[PDB]
Structures are given as structure tokens and as C-alpha cells.
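Okay, so here's just one chain, in C-alpha cells, the form deposited in one PDB entry.
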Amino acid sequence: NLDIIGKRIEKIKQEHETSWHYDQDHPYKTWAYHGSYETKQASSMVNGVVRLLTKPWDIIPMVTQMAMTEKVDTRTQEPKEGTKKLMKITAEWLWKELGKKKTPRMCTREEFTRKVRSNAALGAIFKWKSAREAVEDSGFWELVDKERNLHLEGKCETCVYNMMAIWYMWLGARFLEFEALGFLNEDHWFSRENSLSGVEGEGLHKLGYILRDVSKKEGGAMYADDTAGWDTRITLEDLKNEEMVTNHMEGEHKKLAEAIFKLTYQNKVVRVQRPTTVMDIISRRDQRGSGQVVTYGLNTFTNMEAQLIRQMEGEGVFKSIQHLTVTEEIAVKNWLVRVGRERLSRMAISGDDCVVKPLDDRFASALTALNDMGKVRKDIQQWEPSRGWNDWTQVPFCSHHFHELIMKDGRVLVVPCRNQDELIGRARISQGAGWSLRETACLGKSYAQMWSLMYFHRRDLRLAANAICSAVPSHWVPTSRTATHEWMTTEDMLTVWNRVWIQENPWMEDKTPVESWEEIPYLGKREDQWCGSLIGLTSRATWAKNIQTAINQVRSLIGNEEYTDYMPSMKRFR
């Protein structure tokens, strides 16, 4: 406890000795409170380029409301000795499997610096006002070694979280986390090839094909249960099992990673703004509070573990979570060695998001381990059996569903989809300040090229994407201040479409290139409507007919630049 968090608490208390006070009206019941001190200190801005080219959606509240505008302070009971054993055995088998074809290794100042000099979201907090300033100041790199040497010495002074669910930290604490645990993401530990259940690096154009491949397996319904507040249900045992990745390390690396887990993850210090505006200094040992990138890989690991145990429960590998007989301990082991790899292949897991095709439907009511691990399902009663999906094209995953779409030439595309109001509403929103008109235009172009590559099958989005690309100067480079983003390019979008959907698509045997957009199909007209199309409305007809007037409005605002007309790529403007 304070033998681990005190130096951080002491350092903060002194920097605010003038305002230090043990407030008696602290609202915390699960988070340990330490003290308070004095301070005084983020809306979604509209993208004008996208909004002027999507006029019909100006009167659709599901779009327009997206731009406008309790669980962390809860506890998670300790699992039962049978649960804690199932988790330990499974977590041991899983780190060994993930480690068979990979080597844990430290990530480098050079690698960190290259990532900061390319605008990667490292959940950092404002000596220097930009990350680039710190990584360009041998004084910034002088602070790390002190704490780095403190970590090698098993102590921590400056690794404190700022709650804003994103727990930000000083760039130096982020570096130390990246050096020790960045290898999980940088070396693709959760790739489907290495993890079997994972989809890290896959891309939205691959996820539907992956779910269709899971659907091919013999077995029961496809289950896609969401957890209620996954990051808040992470137990101190879960952290212990995640920490076992250090059993595969050596030297400096082993000690640097052991310190991240012990000092930052299993014993956190957090700063939180309370309007009553003060700063509260609180501590808790459980729950997830690491960096987003590390959070993703450890959530994927612990979710893979939890779903294999739910599969074992459905198959009768054990009978009760109270106590695991030494015999069962050997049955659980022999199950993992004999069929563990096959079982991981029956799943698609992206952090807290899973799809599972179990051996049969006993899985639906196999709930004792899942509830006792604290991974309580959302929107269902605790012993109410799960609702499965009978058709892979109906399963939700990574905020999408997937359509099977047949090209006029017979070839099969499996495409990503979601309600079109969500897509249009998100493209109309920008985050941050000081956006020039050029920077706003280039963010609109990023959305447009994403729509051309992923959502070409939606009539409204192919038309709006063509309009935005016509309205923004042809050589201006797509930008985003904040999968695999193949749309982030100035290459011709037909050439990129061919590369992604034909040349590099391992599910497409015939590699004949597509010569024009007119060849590339849409959903059926009624399916497009079901998924939120405005086709058939008078507002949409007037927009499509008059689109050149909308394009010319935006071109007149941007000014006298070089533009290309992409509308004749469509059938109706040709």
C-alpha cells in the first residue's frame, strides 16, 4: 500500500502543501481517499465540409443529436478457489501458446520517439506543451532514468493516473509502460495467426470473412455477450494472471515489466477533478487503468481466458467452481493440450468484445464461472441463459454486422456495415481546436475515402464520398489527429479497392482486377433502407440531383484550387 504509493502521494502533497486537507465530505466508498488540493479547469465540434455535403441529414435527430452535449466506484468480490485455479491453469497454458512463436523484448526510445513524431494517441498529459518537445529534450529523457532506476529498485515516484474511460499519465510514465509491455502490440501477439481467437491488425474488411469462417465449424449458436463495464470488473486475480507474461522474460526487461505490473497496475494512484473545483488523490489495486494500447492486449488476453473457461464449463470439464479435484486439474490441463487451439479458433475476440461458436448450446446456460470471475453480462439476468445468433450475418462484432454481397461476375464480398445514421453522424464531428479550413477538409476526405473502401455498398455513402472527394482539392492529403487504415493515402481509391478486396484478399481465388466503380455492387435496395439509407425520400432525391451545386458551394469556400469531378464514376452522373 503506502509502502508503494506513498512516495507518489508524498510528492503530490508537498507540491500542494498550501492547499492540503483531508476533506470529510469525500464521495468515495470503494476508492481509498488520501487528500485534496486546489485547481480550476471538451465538446464535439462540427465538420462544416462533411455537414454541407450531407444536407438531408440536417433534419434527422439520430445524426444531429450526436454532435450535442457511478460504476468505477464499485467493488468486485474475490472469485472462489475453484475459479481462481481454473484461471491460473488457463492463463499459464495461454501465455505459453502466445509465446511459442514470439520473443518478449523491450521497445526503444527510438520506437517511442518515431510514434510521438507521427501523432499516436499515447494518453499523455500536457517544460513542454507537446510530446515532440519532451522527446526532443535530453532533459525529458533525463527524468525517465531516475524513475526507470527507481523501478529497477522496486519503487515509483511519478507514475500517477489522471482520470479523464481514459486514465492519462505524464509522457515519461507512458514511455516506461511502452518499453516494458509495448511488444504485445508492436510484435502482434494478438494477431489471428499467433492467438487464433484474436483479430489485432486484421482490418474491418477481414472481420466479416473471419466470422463466416467461425460459422463453418460444427457446433451451436454464435454467442456475442457484452460485459457490463469490462474495465471495472478486472479483479486483482486477473492482474496476477496477466503479470505471468513476465515468467517468459529475462534481464532488465523482466524487472522493468514486473515493476509496471506491481507499482502501476496492482497499486494505482489517480488524480480526479470534483466540482465541489478541487483535485482528489485516490488509490485502488483492482480494475483496469493502464494505457489504451496495453489495455487492449490485456483485455483480449483475459477475455480469451474467460471464454475458454466458459467453454470448459459447457463441455462438463469441471462440475463446480467451489473446488477443483486434482483429477479435474489434470482433466482441465489435458483439455487445453488436446483441444485448446481448436477452441480458441471457435472465437473472435477484440478486447472486451467476443463472438464464440461453442461445441453445442450447453454454453448458453454455463454461467457459474463467468459470473464468479465478475464478467457479468449486460442487459440480461444473472442466471438467464444467453440468446445465441443462428446466422453469422446477424452477429454484432466491433460495432458492425456483416453482409454477403455477390458481384455481377459471381465473386463474393463479405462487407462491414452499421446503421448509416451512426456513420454520417460520426463523420460530421471533429475533436480539438485551431482547425484550419484545409485541416477540416482533409479530415472530411479521410471519412470519404473510408466510406469508398469499407461502405461502398451503401448508396448514400458512395454518393457522399464521391461528393466530398470532388469538393476537396485532389492533392490534399487525408489527416486525422486521432484495424488497418488503407484509406489514409492519396493513391486512386479504385486502385486501393482492387488491392484490398481482390489482390490481397485471401478469400478471393479469382484475382481479375475490377476496371470501374460501376462493377462494384450495392446491398439490395430494401436491405440498404433497413440499414438506414434515405433512398426513396424526396430530400435524398433533391440532394442527389443537385449534388454539383453542393460541391460548388464547398469549392467556393475553399477557393481557387485544383479539383477533380468523381461524380461521373457513378451510373446516374455518367
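Think of the rigid core as the biggest set of C-alphas that the two forms share within 1.5 Å after superposition. Quick note: we count residues from 1 along the sequence shown, nothing fancier.
**Q** Can you check if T64 is missing its coordinates in at least one third of the other PDB entries compared, counting only those that model the residues either side of it?
**A** Comparison shows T64 kept in all of the other entries.
**Q** Is it true that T54 goes unbuilt in a third or more of the other compared entries of this protein?
**A** no, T54 modelled in all other entries.
**Q** Might you work out how many residues are unmodelled in the deposited sequence between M164 and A165, and answer none, 1 to 3, 4 to 9, or 10 or more?
**A** According to the record, 10 or more deposited residues lack coordinates from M164 to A165.
**Q** With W383 and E384 adjacent in the shown sequence, let me know how many deposited residues between them lack coordinates: none, 1 to 3, 4 to 9, or 10 or more.
**A** Missing in between: none.
**Q** Please compare 324 to 332 with 422 to 430 and say which has the higher mean C-alpha temperature factor in the record.
**A** Per the PDB record, 324 to 332.
**Q** Pick between 240 to 248 and 344 to 352: the one whose mean CA B-factor in the entry is higher.
**A** Between 240 to 248 and 344 to 352, it is 240 to 248.
**Q** Choose from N552, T564, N560, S19 the residue with the greatest Cα B-factor as stated in the PDB record.
**A** Answer for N552, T564, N560, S19: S19, with the highest C-alpha B-factor.
**Q** Say you rank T484, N194, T440, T295 by Cα B-factor from the PDB entry; which sits at the top?
**A** Reading the PDB entry, the winner on C-alpha B-factor is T484.
**Q** Among the chain's modelled residues, which third holds the C-alpha B-factor of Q65?
**A** Answer is middle: the recorded C-alpha B-factor places it there.
**Q** By the recorded C-alpha temperature factor, relative to the other modelled residues in its chain, which third is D145 in?
**A** CA B-factor rank for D145: highest third.
**Q** Considering every modelled residue of the chain and its Cα B-factor in the PDB entry, is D58 in the lowest, middle or highest third?
**A** For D58, the deposited C-alpha B-factor lands in the lowest third.
**Q** Ranking the modelled residues of this chain by C-alpha B-factor as given in the entry, is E519 in the lowest, middle or highest third?
**A** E519: CA B-factor falls in the middle third of its chain.
**Q** If you rank every modelled residue in this chain by C-alpha B factor, which third holds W435: lowest, middle or highest?
**A** Within its chain, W435 is a middle-third residue by C-alpha B-factor, going by the deposited values.
From this point on, the text means the form deposited in another entry, which you will not see here.
**Q** Superpose on the rigid core and name the single residue from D361, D372, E422, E200 whose Cα moves by 2 angstroms or more between this form and the one not shown.
**A** Residue with a C-alpha shift of 2 Å or more: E422.
**Q** Would you say whether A228 is displaced between this form and the one not shown, judging by a C-alpha shift of 2 Å or more on the superposed rigid core?
**A** Moves: no, less than 2 Å.
**Q** For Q553, is the C-alpha shift between this form and the one not shown 2 Å or more after core superposition?
**A** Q553 C-alpha, core-superposed: shift of 2 Å or more.
**Q** For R117, state whether the C-alpha moves by 2 Å or more between this form and the one not shown after rigid core superposition.
**A** Yes, shifts by 2 Å or more.
**Q** Classify the change in Cα distance between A121 and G139 in the other entry as closer or farther, relative to the shown form (magnitude of 3 Å or more).
**A** Those two alpha carbons end up closer in the other entry.
**Q** Since the C-alpha distance between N119 and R114 changes by 3 Å or more in the other entry, give its direction relative to the shown form: closer or farther.
**A** Relative to the displayed form, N119 and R114 move farther apart in the other entry - a change of at least 3 Å between their C-alphas.
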